[PDB]
Structures are given as C-alpha cells and as structure tokens.
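Novice: just the starting chains for now, same placement as in the complex:
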Amino acid sequence: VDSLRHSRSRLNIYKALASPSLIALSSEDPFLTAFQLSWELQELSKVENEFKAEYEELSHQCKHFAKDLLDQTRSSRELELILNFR
C-alpha cells in the first residue's frame, strides 16, 4: 500500500542490524552473522534497485568487519582454532 514507509522501515532495520557494536554485543557467532548479513544485503542490492548504493555500502562494511576482527590474533594456534572450526 504505502511503499515509501515500507522501504524506509526495511532499510532502517537492515542498517541497524549491520552494526559492529550490536553484533559484538548480542550475537552467538560474529563471523556467521557477518557472512550471512553481507550476502543478504548484496542480494537486496538488486531487488530494491532504487537504493543500490545504501545496500552496497552496508554489505561492504559487513565485509570489512570480519577482516578487522580477524586481525586481533596473536598466535598461530589461536588462528588455526578459527580457520579450522566446523
């Protein structure tokens, strides 16, 4: 019915979810949420084609968060525990 409000609400929610602090506060596995959220935003970038830039930037920042979180490692054993998990 009201497409304008629907679009704003969806974008506001997705922009809230793709936040490093909200992920680092209440999330069972930061890497899974970053991966999945980046994929969802990349997909939505092609449906809501009127707002491509917003979704592309949000997915880009979700990609940079996982890399920044992997830089806080100070041992090889500590890195192998992450890259080998299943």
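Specialist: That came in fine, so what should we check first? Numbers count the residues shown, from 1 in each chain, chains lettered A, B, ... in the order given.
Novice: sec struct for the residue nearest to residue A:73 when sequence neighbours are not counted, please.
Specialist: Closest residue to residue A:73 apart from its sequence neighbours, by C-beta to C-beta, 6 or more residues apart in numbering: residue A:79 at 5.0 Å. Any C-beta I mention is one placed from the backbone N, CA and C, and that applies to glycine too. Classification of residue A:79 using DSSP: H, G, I helix; E, B strand; the rest coil returns helix.
Novice: cool, residue A:53 as well?
Specialist: helix.
Novice: before we move on, what about the one 3 residues further on?
Specialist: Using three-state DSSP as the criterion, the local structure at residue A:56 reads helix.
Novice: check the offset of stretch A:50-67 from the chain's centre.
Specialist: 7 Å (C-alpha atoms, centre = their mean, to the nearest Å).
Novice: I'd assumed residue A:44 was in contact with residue A:52.
Specialist: No. Counting by C-beta atoms under 8 Å, residue A:52 does not reach residue A:44; the two are 9.5 Å apart.
Novice: and for the residue nearest to residue A:73, the neighbour number?
Specialist: Using other C-beta atoms under 10 Å, residue A:79 has 12 neighbouring residues.
Novice: chain B should join the structure above:
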Amino acid sequence: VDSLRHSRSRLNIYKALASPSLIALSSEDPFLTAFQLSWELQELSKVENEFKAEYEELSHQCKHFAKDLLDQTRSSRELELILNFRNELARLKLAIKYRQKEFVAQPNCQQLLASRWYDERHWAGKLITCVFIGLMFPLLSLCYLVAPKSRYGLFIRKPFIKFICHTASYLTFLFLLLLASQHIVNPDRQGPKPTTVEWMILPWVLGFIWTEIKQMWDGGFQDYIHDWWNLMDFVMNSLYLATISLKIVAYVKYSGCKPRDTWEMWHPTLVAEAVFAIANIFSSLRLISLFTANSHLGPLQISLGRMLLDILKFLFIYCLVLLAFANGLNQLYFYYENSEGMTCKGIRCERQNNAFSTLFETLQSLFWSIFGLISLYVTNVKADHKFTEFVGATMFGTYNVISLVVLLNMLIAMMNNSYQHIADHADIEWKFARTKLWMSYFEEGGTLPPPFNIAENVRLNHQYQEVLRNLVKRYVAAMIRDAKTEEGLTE
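Specialist: So, slotting chain B in with the rest:
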C-alpha cells in the same frame, strides 16, 4: 553609464533572491520560485558572459534546493499530493519542462513512476515473456479499435504493454526493410511498378508521418526540434516522401524496358533508389534509442551522446587543415592531367591516377588517406621531373604527419579529459532520459502502432498548503539548523 555598479547591483540582488532561507520564509510556493529562478539565472548566464560562473553556480544551487525539499516526505499520499498539483502528474511535467534533473531523479519519485509503469522474476523469464507479448501484437491492436471494453482492449493501454507493441511493430518494419533487397521478391525494367513489399511498406511510412505530425502540432517547433531523434525522424520522413514522388514521375514519363547498363545518369529510377537507401540507413539507426530503457546500455549511450559536441569542434578545425593542403597540392599537379586513353580515371579504380588533377579529386584523395587507401605511386607524372615529384611527396607526407600523429592523438586526449567530467552526473542524466521515455506512454494519445493507425481545486489547496507547511518546517529543522552545528573551527 556606470556599468560596473550596475553589474554588481544586479548580481547582489540575484544572489540574495536565490537563498534557501529567504525562500522558505516569504514565498507562496517554494517549488515555483525555485524553478523560475533557476531558469532566469540559467538565461542570464549567457548574456552577462563575463560572470558565467556566478550565475551557473546560483542556478545549480536553486536546482539542489527543490530536490532537498522533496526529500522531506514520509508517505505516498503526501508525495502524490505534490506531484499531482495544478491533469495527472502536472507538477512532474512542469519539472521536466523546466529541466529540473535533480528533482526528477529523486529515489522516491523514481519509484512511483515504476509502479505506474509496470503494473505486473529473473533474466530468463523477462526475456521469454516479452517475446510472447510482441509476437501477438496485431490482434490486440485490432481488437482495441473495435470493442474497447474490459475484455482485451484494456490490455493495450498499459504503458509497458504499449511499449512492447510499438517495439514489435518497429522490428517488423526493419525486417521488411532487410527483405526488400532480395533477388526473389524484381528485374530491372525502366520505370517499374511497386513490388509486393513496397505496398506493405507504404502504410508504416504513412503511420510514422502521422505520428510525427501529431507530435509536432503539440510542441510547435519549439523544444521539438531540440530533441535530436525528432530531427532525425524529420529528415528520414523527408527522404521517404521524396522517394514516393520520384517513383511516380518515372512511371508516368519513362517506360519501355531498356537494359540497365545503357541508361543515363540522373534517370529518376536511380535517384529514387539512392534516396531510398540513404533513408534505410537512418531508419535502421534509430534502433539505438531503444536502449535508454535498459539499465546497462543506457548510461553508456548517454555518455557517448554527450561527447559529440566536443568532437564536432575538433572536426571543424581539421577541415581547415584539409582545405589548406588541398589548395597547396592542386596548384602543383594541375598541369599534368594526362587522362590519356584511360577507361577509368580517378582514385576509385584499380590503377589509381589523376589523384591531384582537380580540387574535388584532391579533397577525396586527402580524405581517403586517413585510412591508408591511397597508394604512393599517385605522386608521379609521365615526365621526368624529379623535383616536383619530391615537393608533392613532401606535401603528402607532411599532411599525413599532421593528420595522423598530431591531430588524432589530441582528439584522444580531449576525449579522455572530457569523459571524467561527464561520468559523475551520469545516472541523473540517464534517469531523466528514461523518465521522458516513460512519460511519452502514459496517455491515450497514440495507443496504437502505425500499421493499424490510418472545490475541484480550492479544497485541494488546503491539503497542499498543509503539506507544504510540514515540508518547510522539516527542511528548516533539518538542513539550516541541524547541519550548521557540524562546521569547523577557526581563529
């Protein structure tokens, strides 16, 4: 008298008027003032040519103000109350008329139009459904004009479907054009009779001319001739008319079935064929404009079309060099026009000869050497003068160096430098063009392809004024009060 004071006073006044706060404080309709002020400043940019930058920047900021004011909308009903104020979508038509590109390509404005255009997938589905609607166009176009009731005749009024139908009609016309030049569908008899394909082509030509006349009464030789595609339509329709009026002259005057080889130049049939071919070129070339509706080929086409007023100036500078060297090279060789027992003379023969004997041949020779199609033995005479044959070869070589190592690379450098200043405002331009394409199909004026073609207001001011008051209040609170506290610090 005192031009300096007059200029300062006029610029100061206009710079005061084009101020977002002064407009938002004392103005009966912000959008009208923004549109009109932007147009006035754009016009003054060409009279007071000593101060172009000032007026251009002021008009640009007046354009950005209207867009920023349209972003303070939080409902679809609230947006439709603005775009429909005054028939349907009158404000959007006014904005397109005033060339408000930033206002038109707004994301929320660009979504209402999409919803009004599609009215109900992936790539394969959109590929395979658009073929099924375009194959069966004639029966829809036939059942619309007999019983326009809610069974099948209201399915050709939807803008997307109408666009598909017109595309299918144009593609059928192109297929017939490709089919006209076949050795199965007539021989060469002097002053012939139209074949089975000319009679099918004639109704599309008539329909195209009728659509053009309809569209040219409405505009009135102003901003209709601006659109270059309409100019091309005019030229090709002129050529088609000239083709009709020569196939008849050669019918009522000439006849007799003479062999083709032993005809004589300017025979009306040959000139008819020449004009028809040159018209086919334009008719087929008009198929580029179909792809301003695509999302990938659209922006690229707009960018290509914007780098054409910068190539024409360069070609005009090149023609002067061409004429100078032709004048030089014809003065040297015009005493040697042998043409002694030669079946063919000129450069368009197997053994090229007399390449610089006349001015016309000289221009042709200097043109076809941009592509390397003029051999080097054309700078020889039957005598044994190894001094004019050296001056001529040096003139030819200097022309080649100036034309293919200096002017071409400067054209490349110019185009590279221009393309960067274009590819920033590229999506705004493309969406403005796509919006014009769409708006041409929202009305029940044509609604039919060429082959088958031959108070009520005072109450609404209350809601509109309420909407403007809220929009102005939101803009003041957001832009000129909440983004002034984010500037930097100084001494």
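Novice: give me the contact list for stretch A:65-85.
Specialist: A:20, A:23, A:30-31, A:34-35 (C-beta atoms under 8 Å, 6 or more residues apart in numbering or on different chains).
Novice: so how far is the first residue of it from its last?
Specialist: 19 Å (C-alpha to C-alpha, to the nearest Å).
Novice: got the buried residues for it?
Specialist: Within stretch A:65-85, the residues that count as buried by 16 or more other C-beta atoms under 10 Å in any protein chain shown are A:65-66, A:69.
Novice: what sits against residue A:22?
Specialist: Applying C-beta under 8 Å, 6+ apart, we find residue A:22 in contact with residue A:16.
Novice: distance of it from residue B:172?
Specialist: Residue A:22 sits 58 Å away from residue B:172, going by C-beta to C-beta, to the nearest Å.
Novice: now residue A:65
Specialist: Going from residue A:65 to residue B:172 by C-beta to C-beta gives 55 Å.
Novice: follow-up on the earlier one: dump the buried residues of stretch A:65-85 into CSV; add secondary structure as well.
Specialist: Formatted as CSV, those follow (three-state DSSP):
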residue, secondary structure
A:65, helix
A:66, helix
A:69, helix
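Novice: also, this goes in as chain C:
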Amino acid sequence: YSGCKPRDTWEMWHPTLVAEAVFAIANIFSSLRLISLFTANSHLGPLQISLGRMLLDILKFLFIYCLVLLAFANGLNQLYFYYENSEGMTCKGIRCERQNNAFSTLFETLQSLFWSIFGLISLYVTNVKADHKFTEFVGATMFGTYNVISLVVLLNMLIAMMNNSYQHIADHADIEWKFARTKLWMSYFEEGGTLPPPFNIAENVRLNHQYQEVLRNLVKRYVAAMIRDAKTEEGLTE
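Specialist: Putting chain C onto the chains we already have gives this:
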C-alpha cells in the same frame, strides 16, 4: 566413406573436412587455457586479473557497435544489389586477388564492412560496370561515413572508457589476485585427483570451549581497540 579419392576433387561437408575444422577450433581453446597458469606468479597475476575485469565493459561497447554495422550494411546492400554481374569470374567475393561483388548480398556486405576496420578492403569495390557516376558516389559516401563513425568516433570512445575503468580497478587489485591464487591453491590440498590425466584411467563439543574462549578474547580486543581507542581521534566542530 572409403576409397582413397584425391583431396582436390572432394565435395563440401565431407565428414573428414568437418572433423579437421572442429579439431582445429578445439586446439585454439586448448592452447589458450595456458593463460590461467600465471595467476600463481607474482608479476603476471595481477595484470591478468586486471585484463580479465575489463571485458564486461568491452562487450557492451561491441554490442553498440554491431547495431551501427547492421544499419550501414542494410543501407549499402539496397544500393548495389542490382549489379551482381559475376560474369565469367573464377572467384567471386572479397577474399580473392581482384575483389568484386563486395556489396551484392547481405552476407558479403557484413563481411566487407568488417574487414575494413583493418584496412583490407580496397577502394575500387565501389564501382559498377555501367557508367553511373551518381550511385558510385552515394556508395562511396556511405562507405566513407561508416569508416569515420567506426574508426574515429567509436574506437576512441572505447579507449576513453577503458582508461576511465582501469583506475577504479587498480585499487582493489591485489585483494582480487590473492583471492584467485588462494582458490588455485585450495584446489590442490585434497587427495581427490592427485594424479595427472594420462595415468588416470567430544570430537566437537570439547573444541567449542576453546573456540568460545578465543572469540571472547577477540571481541574484547576489537572493542577496546576500534570502537573505544579510535573514537578519540575524530575532529572538532561547533
């Protein structure tokens, strides 16, 4: 088929000839696959990835060029199709020593308009055996206009597009190259193929403890470093 007939006096579509043609076209691809070997090098890798990323931008341009080609072919075939002499000619077409009938059919017209991007179509192909110096001028002007549009306008716009695209690519270039090299390597870490073609025919719950401890430390370090120690380096405003 069998019988040892001489090669010259065969007939087209004889299966041996088509076998040879398909075999040659397959050799081209097989030899071309040798480019992918050099995503493992450190110098030729990034350059190859950059070349391969500027190909979806050339295809669109070629699609716009084919429309111009088709328009001018449609124009040029309409003018010359009445002059298909072919009178006592051993060879006809443009792939012969004396080129002839360059615009007599649509297929030859497309071929003629293609081979003139490289300058291999002579200029005497715009003549007829008659003496009509008006169609021979309209045809030469059509050919010249095609040459100008194709070799002075569209080519330089392709160059400008490629220059403008290459700068937006050469920033994320090493990320792309290392991602590609990593995929190449990972394809050889398992014992699946392990053999070239010629000779080819709780256990988890305990670990969640260590993984959770590692995540807790990583999240704590990230919070301390990024969203608490790099927020005190912003600028000042009003």
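Novice: repeat for the contacts of stretch A:65-85, accounting for chain C.
Specialist: With C-beta under 8 Å, 6+ apart, stretch A:65-85 has contacts from A:20, A:23, A:30-31, A:34-35, C:207, C:210-211, C:214, C:217-219, C:221-222, C:225-226.
Novice: now restrict those residues to buried residues only.
Specialist: A:20, A:23, A:30-31, A:34, C:211, C:214, C:218-219, C:222, C:226.
Novice: what's the farthest-apart pair in the residues you listed?
Specialist: Checked with C-beta to C-beta, the buried ones among the contacts of stretch A:65-85 reach their widest spread between C:211 and C:226, with 21.6 Å between them.
Novice: enumerate the residues of chain A near chain C.
Specialist: Contact residues, chain A versus chain C (C-beta under 8 Å from any C-beta of the partner chain): A:20-21, A:24, A:29-30, A:68-70, A:72-73, A:78, A:81-82, A:85-86.
Novice: return the nearest residue of chain A with respect to chain C.
Specialist: residue A:72 (4.0 Å; C-beta to the nearest C-beta).
Novice: now that residue. Nearest residue, chain neighbours left out?
Specialist: residue C:221 (4.0 Å; C-beta to C-beta, 6 or more residues apart in numbering or on different chains).
Novice: state the distance from that neighbour to chain B.
Specialist: 32 Å (C-beta to the nearest C-beta, to the nearest Å).
Novice: what lies in contact with stretch A:35-46?
Specialist: Contacts for stretch A:35-46 (C-beta under 8 Å, 6+ apart): A:14, A:17-18, A:52, A:55-56, A:58-59, A:62-63, A:66.
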